[PDB]
Amino acid sequence: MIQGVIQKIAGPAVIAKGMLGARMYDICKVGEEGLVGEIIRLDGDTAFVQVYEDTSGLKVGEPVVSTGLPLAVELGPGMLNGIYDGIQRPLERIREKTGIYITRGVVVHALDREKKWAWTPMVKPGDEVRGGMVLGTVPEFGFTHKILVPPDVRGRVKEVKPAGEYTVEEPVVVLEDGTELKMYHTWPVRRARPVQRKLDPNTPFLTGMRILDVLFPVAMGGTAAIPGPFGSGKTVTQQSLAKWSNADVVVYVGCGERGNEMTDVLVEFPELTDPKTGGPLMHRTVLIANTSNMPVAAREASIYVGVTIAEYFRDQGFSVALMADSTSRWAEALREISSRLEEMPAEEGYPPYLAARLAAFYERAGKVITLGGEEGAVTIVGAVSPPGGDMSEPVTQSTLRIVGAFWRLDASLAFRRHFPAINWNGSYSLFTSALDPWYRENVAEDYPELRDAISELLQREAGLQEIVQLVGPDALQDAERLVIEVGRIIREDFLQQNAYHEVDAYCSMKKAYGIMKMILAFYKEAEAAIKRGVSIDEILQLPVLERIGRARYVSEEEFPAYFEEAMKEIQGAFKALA
Amino acid sequence: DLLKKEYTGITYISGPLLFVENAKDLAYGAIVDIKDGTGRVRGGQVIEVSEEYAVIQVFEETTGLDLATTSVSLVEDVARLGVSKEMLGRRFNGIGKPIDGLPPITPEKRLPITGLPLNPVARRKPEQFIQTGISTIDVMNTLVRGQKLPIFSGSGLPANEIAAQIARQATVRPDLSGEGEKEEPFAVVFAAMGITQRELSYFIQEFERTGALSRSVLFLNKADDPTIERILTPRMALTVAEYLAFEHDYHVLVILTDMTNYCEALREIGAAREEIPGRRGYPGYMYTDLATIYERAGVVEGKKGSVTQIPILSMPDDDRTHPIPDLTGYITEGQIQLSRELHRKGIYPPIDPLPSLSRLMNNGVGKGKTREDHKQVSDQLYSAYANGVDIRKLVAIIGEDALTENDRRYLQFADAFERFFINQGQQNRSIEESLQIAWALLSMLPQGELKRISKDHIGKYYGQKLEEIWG
Amino acid sequence: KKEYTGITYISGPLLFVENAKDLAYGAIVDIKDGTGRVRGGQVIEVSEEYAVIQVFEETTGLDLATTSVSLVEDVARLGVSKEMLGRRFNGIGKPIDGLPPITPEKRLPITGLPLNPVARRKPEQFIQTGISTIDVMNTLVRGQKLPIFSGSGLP
Ligand SMILES: Nc1ncnc2c1ncn2[C@@H]1O[C@H](COP(=O)(O)OP(=O)(O)O)[C@@H](O)[C@H]1O
Ligand SMILES: [Mg+2]
């Protein structure tokens, strides 16, 4: 392998000379401390290296050693219930090797080499093996971790280990060609894991929020983006999705954000309950943490590590949800490196290849048939942080052209404490028409008609607001004041949801369907009452408004009685007017 | 080592930069001493090193330097500060030298000024409520111990007075939390960057009158001092604060006077080095550089100490979308925004409640901490004030005589809110009095319109008349 | 056939190859590395000392020691035939439907010559698109260029 010496140090960039024979994007060891680096440019006898650690204190002339391999991650049992940094090092053991601060040069293994796992073989000697097939089953936190053949390994089984307890380094299956198969394998983070066939999306990804589940749905293998200014609700929404969604495994990527947000997840998740298994919530969650004051070059590595782990859990037949806390910091890191490369920038200083990276990251999602014949899915939700809320940013515009759903947030709604503050006018979803056969069978036969009626009412209310600004609310006729007040009721009851309330934080589909039915029944009765001769000032003082307006806080187990009482109360109240 | 080595052969001096050719022995980020031909010594730091030449930024001005006699000598490889427990009650300049006439401190440790990132595993959630004595902060934008809560100001707004009042009145309430302990006052670390004499004298006189100088460490960089020294001051101030809090269990409150001057000082160096700019000419790495300062606060698991930050910054032409407030809002955990309109009406403190935010409010309030009705009252106040402000815009079109009876209630609520809740003067309200005033203000609205408050609290606190408090 | 091995610079999507003055501007080349993988590329500048090549795909496995460049074709050409009706292509002429490749009747440059303005004639016949709002009020005539303006969430 190639060795060289440091020629120039400038911030996060190091130029080494004598590096003839090195390859692009290989992992290097820089200096006497052995900092981790990566080659990004070759020029004659010199190579350009970006360092994933702080470079203060380095001197010119220190040796540089090239490993000859790209960045890779260890994939195997023991990844659940843990927290990793940008290059997959466990923080809980850095916490033991070092004090409360993170220092340089710490070498830890991603998977614990001491813990023993109960191995149960499923293949026999003489069997033909192939990439993506299962070799055995190991229990892990109530799941069944399946040992997988690496995607490009073929051969015939010579011998297998009997049932027992082994570490991850123990070779369990030996092939006839002399290659030993362990309980884990390594995979480059920049290569997408191959599959058999992609499938269409026909199953919704339930989030627990009324406005996102009803008005702007996202499918099981779909993608979504949630942009907004600072203080609009991106992090709270993503953490609520991590808490309440129906995904089997949740992967969270903290790319360049606050550390208190990761501390909250580390503290509160072990006390919560997994909705579909009943165990601790943290047992299904994997965290990748790279906070703001961490080294800049590790932000891209965290994103790639997260997506690679999410694809690894896809190959075992699970449905995985991946959350990216901010994809804008990745672009900022790319711009910072591009400054040190002295290359020609794009519209706002970003490198020209930013859109290619963004497209390659998002197209890794989808519902597939795995190499073993099973079915899995990965869904990606990525947040965008525009500068000053300017939605004409290049990153925001690039993301708009590849995602299937768009959840735009508004600062004006967040100012008046109206949450989740989703801008109804600027948001859309492209999975609405494909999920109707699921909704009809699993919720109700007339649910899409109710959803379309609600959308039509919102559109009509949005149409009338140009006149209200012009001549005031009182100039409208009563038939239009009814539309305005019904729109206000919908906005303050159905769309609004409190993520910190004890009951309102989670909402099933049938509860939202009942609320929509109640609102539409009230609107129909009020529309019938106006033409009979009742002034609108009589209608909007009926006590059934408080019955409707507080149906949010009714618990899930108590809702069917409340709904049946309110539907009778509507008819009882509207027959006594005139 | 103990030897010294001098490098001659300076080939370029212009602005804040200086080039030396045969200095390949210098480590990256090291601190050097630049000696003039007349014997004057100036400081510097290496920002780029190579086998061809090294680049050094100069803290002081470059007047009097020449290429024939100037020499550069190494001081140390990594910038370090000598700290001790005995610097409480001392004053230092922008680069750590005493300016009070007392002899220099004797270090117990030498710590790197750049610091290290806190391990997210070793952190813990901040949950201790702090009573500042301001109703618009205590009730609706609650501040907890370990939080970063900057203040967004203007050119003529009294942000310094608000910061001094907060530092004077801040206390915790162990009786509400049931601990029964009696606490000790906060230690104050004060970092001034480009401060003027008019504000520095006010701060000095306020600290003298309150008697808090014996617990304070001061880092002063005046407006006539060299600009490039502003790079170092926040780092040394936070190094001292972290040392005190996490080695001697102090509760440290840190005030940074103006981050706008720090950003201009950073932009000067960024433009001198031909970096790729962001918006409005600021360098592209300003987010990371601001993050290395702010995220040094918080609490640590298994330790009694804490660090609380109150940065102050001025918004250019009151613009919230300027890059400095934009990135500060993206990094910090909330903000307190002053309003010029409230200042023109004579309301003090002129805190605008709608653009203000506190992210850690949910951790430090609720049952068993302050009171069971805190959050719902805050939400109802926010909604009602927003409705009143919205009605104020309809009045400008249709006239206030054409309003309905319902909207006049919201308009009068907004006026009474601005004239009574926000406007408090120099008095020190407790949390209970602030909640009493808030409940007295909510009583002017119909009982059926309090949608965000449960009926249990409404049946317990509603009905109190505002004249019973101010009459 | 001939291979150029004088690579001197790799950075992002570009690479420099020396002594390559025989390559025409805009030609298509194949980039081969030590692992045997072959990538595509296009020449974007030719000079006396070196030529500049923009690389398709990614440049992860490349190195200055074993990389070689060979010529494919001087002008980007496409083989056309009437067998193409019912086929799918990936955007550069490679089938992706699994059927065998077509046999070309001709090979034409993908960049087209301009039409002589004295050779055109006025469009005079319509196309039935089956949509009432297009057929009746905004009729499409044979030889017209009629774009459709849409938003983001529109179908
Ligand atoms: N669904 C919600 N329910 C209640 N409060 C919310 C909701 N969403 C956001 N908030 C409030 O808005 C603030 C937004 O903070 P956060 O989402 O952490 O920052 P950002 O959106 O800028 O990343 C939070 O402090 C939270 O109190
Ligand atoms: Mg956030």
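For the numbers below, each heavy atom of this structure counts, side chains included, while hydrogens, waters and symmetry mates do not. Below, chain A is the first sequence line, B the second, and so on; all start at residue 1.
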Undergrad: In terms of heavy-atom pairs under 4.5 Å, which option from B:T321, B:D326, B:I331 contacts chain A the most?
TA: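 Of the options given, most contacts go to B:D326.
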
Undergrad: Which bit of A:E268 comes within less than 4.5 Å of chain B, counting heavy atoms only: side chain, backbone, both or neither?
TA: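 Contact with chain B: side chain only.
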
Undergrad: Tell me, for A:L545 versus chain B, whether the close heavy atoms (under 4.5 Å) come from the side chain, the backbone, both or neither.
TA: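 A:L545 has no heavy atom closer than 4.5 Å to chain B.
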
Undergrad: A:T291 and B:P120: which non-hydrogen atoms are nearest, and at how many Å?
TA: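 Of all heavy-atom pairs spanning A:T291 and B:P120, the closest is CG2-CG, 4.4 Å.
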
Undergrad: Taking all heavy atoms of A:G231 and all of B:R359, pick out the closest pair and write down the distance.
TA: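 Shortest heavy-atom contact: N-NH2, 3.4 Å.
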
Undergrad: Taking heavy atoms only and a threshold strictly under 4.5 Å, list by residue number the residues of residues 287-297 of chain B that touch chain A; give 'none' if the list is empty.
TA: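 Within residues 287-297 of chain B, near chain A: B:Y287, B:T288, B:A291, B:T292, B:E295.
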
Undergrad: Sort A:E336 into side chain, backbone, both or neither according to what part of it lies under 4.5 angstrom from a heavy atom of chain B.
TA: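 Side chain only.
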
Undergrad: Distance check, rounded to the nearest 0.5 Å: B:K375 atom NZ versus A:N498 atom CG?
TA: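 Interatomic distance, B:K375 NZ to A:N498 CG, rounded to 0.5 Å: 6.5 Å.
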
Undergrad: Checking the side chain of B:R320 only, and the main-chain atoms of A:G388 only, is there a donor and an acceptor separated by less than 3.5 Å?
TA: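 Flag not set: sc B:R320 to bb A:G388 has no pair under 3.5 Å.
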
Undergrad: If you take all heavy atoms of B:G284 and A:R335, which pair is closest and at what distance?
TA: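 It is O-NH2, 4.0 Å.
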
Undergrad: Could you please state which residues from residues 387-396 of chain B sit under 4.5 angstrom from chain A, measuring non-hydrogen atom to non-hydrogen atom, sorted by number, or 'none'?
TA: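 Against chain A, the residues of residues 387-396 of chain B that fall inside the cut-off (heavy atoms, under 4.5 Å) are B:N387, B:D390, B:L394.
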
Undergrad: Could you tell me which of B:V55, B:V78, B:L360, B:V49 has the largest number of non-hydrogen atom pairs under 4.5 Å with chain A?
TA: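 Ranked by contacts with chain A, first place is B:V49.
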
Undergrad: Only pairs of heavy atoms separated by less than 4.5 Å count here; which of B:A27, B:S50, B:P117 has the most with chain A?
TA: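 Heavy-atom pairs under 4.5 Å are most numerous for B:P117.
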
Undergrad: Drop me the distance from B:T332's OG1 to A:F230's CZ, to the nearest 0.5 angstrom.
TA: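 Here the interatomic distance stands at 7.5 Å.
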
Undergrad: Take A:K59 and B:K24 through the side chain to side chain contact (heavy atoms under 4.5 Å, CB included) test and state the conclusion after the steps.
TA: CA-CA 8 Å; A:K59 310 209 306 182; B:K24 69 161 181 62; over 6 Å; no

Undergrad: Checking heavy atoms, do the side chain of B:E274, its backbone, both or neither come under 4.5 Å from chain A?
TA: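 Neither; nothing under 4.5 Å.
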
Undergrad: List the atom of B:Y330, the atom of A:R258, and the distance in Å for their closest heavy-atom pair.
TA: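 Closest pair (atom of B:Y330, atom of A:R258, distance): O-NH2, 3.1 Å.
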
Undergrad: If we define contacts as heavy-atom pairs under 4.5 Å, which of A:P386, A:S326, A:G99 has the most with chain B?
TA: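 Among the listed options, the one with the most contacts to chain B is A:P386.
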
Undergrad: Please state whether the side chain, the backbone, both or neither of B:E242 comes within less than 4.5 Å of a heavy atom of chain A.
TA: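 Side chain of B:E242 only, per the 4.5 Å heavy-atom cut-off to chain A.
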
Undergrad: Picking from A:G349, A:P387, A:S338, A:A333, which has the most non-hydrogen pairs under 4.5 angstrom with chain B?
TA: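 Between A:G349, A:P387, A:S338, A:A333, the count favours A:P387.
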
Undergrad: Looking at CG of A:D474 and OG1 of B:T404, how far apart are the two atoms once the value is rounded to the nearest 0.5 Å?
TA: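 Rounded to the nearest 0.5 Å, the CG-OG1 separation comes out at 9.0 Å.
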
Undergrad: Counting only heavy atoms closer than 4.5 Å, note whether A:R299 contacts chain B via side chain, backbone, both or neither.
TA: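 The side chain, not the backbone.
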
Undergrad: Is the backbone of A:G11 close enough, under 3.5 Å, to the side chain of B:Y28 for a donor and an acceptor to pair up by distance?
TA: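 Yes.
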
Undergrad: Calculate, to the nearest 0.5 Å, the distance between atoms CG and NZ belonging to A:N260 and B:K125 respectively.
TA: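 So the gap between those two atoms works out to 9.0 Å.
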
Undergrad: Given heavy-atom pairs under 4.5 angstrom as the criterion, report whether the side chain, backbone, both or neither of A:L266 touches chain B.
TA: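 For A:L266, side-chain heavy atoms alone lie under 4.5 Å from chain B.
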
Undergrad: Measuring heavy-atom distances to chain B, does A:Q496 have an atom under 4.5 Å in its side chain, in its backbone, in both, or in neither?
TA: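 Only the side chain of A:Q496 comes within 4.5 Å of chain B.
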
Undergrad: Side chain, backbone, both or neither: which part of A:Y500 has a non-hydrogen atom closer than 4.5 Å to chain B?
TA: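 For A:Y500, the side chain is the part near chain B, not the backbone.
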
Undergrad: Working to the nearest 0.5 Å, report the span between CD1 of A:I100 and CG of B:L118.
TA: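 Output value for this atom pair is 5.5 Å.
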
Undergrad: Going from CG on B:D379 to NE2 on A:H418, what distance comes out if it is rounded to the nearest 0.5 angstrom?
TA: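 These two atoms lie 12.5 Å from each other.
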
Undergrad: Under the rule for salt bridge (charged side-chain N to carboxylate O under 4.0 Å, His left out), what residues qualify as partners of A:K17, not counting sequence neighbours?
TA: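 Expected list: B:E51.
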
Undergrad: Could you report the tightest heavy-atom contact between B:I397 and A:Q469, atom names first, then the distance?
TA: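 Residues B:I397 and A:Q469, closest heavy atoms: CD1-O, 3.7 Å.
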
Undergrad: Relative to chain B, which of A:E546, A:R416, A:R417 shows the most heavy atom pairs under 4.5 Å?
TA: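 Counting heavy-atom pairs under 4.5 Å, the top option is A:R417.
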
Undergrad: Using the salt bridge (charged side-chain N to carboxylate O under 4.0 Å, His left out) criterion, which residues pair with A:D390? Sequence neighbours excluded.
TA: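 Listed in chain order: B:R279.
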
